[PDB]
Structures are given as C-alpha cells and as structure tokens.
C-alpha cells in the first residue's frame, strides 16, 4: 500500500490533469492557461518519479499525453429502469387515459404538459454534483456508455451549481433528450457534403450519429443540445412534484424546457394539446407531441408502471409534421 496522503494527492492531481487534457484536446476549450496546465503536469510527473508504482499506462502522464479518449459504447446499467411511453393519437384515447387516472386517484392529480422532443434519449448520472456517466437507452436496463460524448455537449454541465434552495443531491440520475436545432442540422449537412460525406436524412438520425462517435472530438465539433425531461434514481432529493423537481434542475444548472405548463384537469390538457398543434412549427427543434404527466410524485408511485411504460404518463402524438 502507498501512503494515504500520497494516494490522495495523486488521485486528485491526475483527475484535474485528465480533465484539462479532455477540455483542451477533445473540446478545444481549455479552462486554465497553458502555463497553469504545464505546472500541473510537471507536478504530477514529479510525484510519479518519487513513487513509480503510481505511473501506470492509464496515468494522464505516462501514456496519455496526446489523448487516450475514445468511446467504446460498453454496456452500462441505468440506476432505475428507463421506460418508454404509451401513446394516444386521438381525443378519445386521451380521454380514456384520463378516466383511468381519475378512477385510481380521483381529482388529486394535476397534469404536467411537456413538449415531446423527437431526439435521442440520454441518461445522465451525477455523483456528489459531478457528472460520472451518460448513457443511451439500450434495452432499458442497460445502455451504452457515451460519457465522453455527453461531456462535449454545451448544455450538459460537468458540475452541478450549488444553490440556497436546492442542495446538490448525493446521487442524481436525470433523463433528457439530445437534439439539433433545425438550422444547425442543415449546417451540419452542408459541412458533411463539403468533406465528401453523406448527409443525414433528418435531425434525429443526425443527433444520434453525432452523439455516437468513437472519437468524442467529432461530437464536440457539432452543436448538440439537451433538454432534461425526467428523473431516474435519486439520493438526497425528494421533490413533491415533477414541476418542483424542474426548479431544482434549473438551480443546479441543468437544461430544462420553457414550454412546460401545469394543467389542473383534462380541459387544461386539451387546451395545450390544441395549442401546440397549431404552434409547434415555431419551435426551433422537432416536436412530435405532448407528453402528459401526473405531476404528484406520490401519485406516480401509486399508479406505478408496467414493464414497458409508466401508467402515470402518456404521449399524445400528432400527425407527422
């Protein structure tokens, strides 16, 4: 065993160094000067000379000076199973879902109405306010590790911002959608064609492909965006409602949509659906529908979920744009 202070110092220094290596090489966006970084690395190298067992092929020093940053899409489990959503395509279907909800929990349920973004699902995990893992949906229990790629998304903060009202959770699994804005999708296609590459047929395909890059620097060069729309496993945070949960996401620095509204009953839900039916074209990214969710966490627990989806939510899908 190496002495505890030595090990502590090495770990801390190596992590700080690797982070700047990632920020400089992958993102082309350093956050400390070249001089500052150089002293940092010099120090890590000194520590390793004094204790050569610390020099490993994985060290930011011994091996990885050019880069060692590749995504391999290895399977990684979600903390809580990621489900899909049941759909409704007609007024009748939606009313039937509402009725079922009424029969189980009466008039105690309110409905959060969110815009359904037609992108790529991404699950992020923050441990003690720090981003540790990001993965794809996969089969729901297990997805693919695209942590490095997710680290290049501007909207995804590496660290959560501490706030008076909302303390940083011990563990936070937050779900969101990754997408391109329409103008950015066109721009990307033009750039791809300029290099002799095939363009993407649609923004969803384009987001998926941009996200899933073995080399995260490719992802860093593209304007991916992310909007959080849900919660998985959480520790140190017990929001009464989804809407209140979104306020904490905001305080912490996570990206959330400004188009969400809280309806009190089905008439309110119906109004939002009719409204976005008329105005979804004005949003700068693709919206295929409206997701209706029982807002009260306790009611969500009661209603539960099936193996494939929540009973407490439903996606009202429009006709193709």
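Numbering follows the first chain given and starts at 1.
Of the two stretches examined, 162-170 and 77-85, the record assigns the greater average C-alpha temperature factor to 162-170. Annotation for 269-277 versus 47-55: the higher mean temperature factor (C-alpha) is found in 47-55.
Within the listed group 195, 177, 183, 144, the record reports its top CA B-factor for 195.
Between the residues 287, 254, 35, 262, the entry's highest C-alpha temperature factor is the one at 35. Per the PDB record, residue ranking by Cα B-factor puts residue 296 in the lowest third of the chain. Ranked against the other modelled residues of its chain, the C-alpha B-factor of residue 234 as given in the entry falls in the middle third. Looking at the C-alpha B-factors along this chain, the one for residue 203 belongs to the lowest third. Per the PDB record, residue ranking by Cα B-factor puts residue 217 in the middle third of the chain. The deposited CA B-factor of residue 31 belongs to the middle third of values across its chain.
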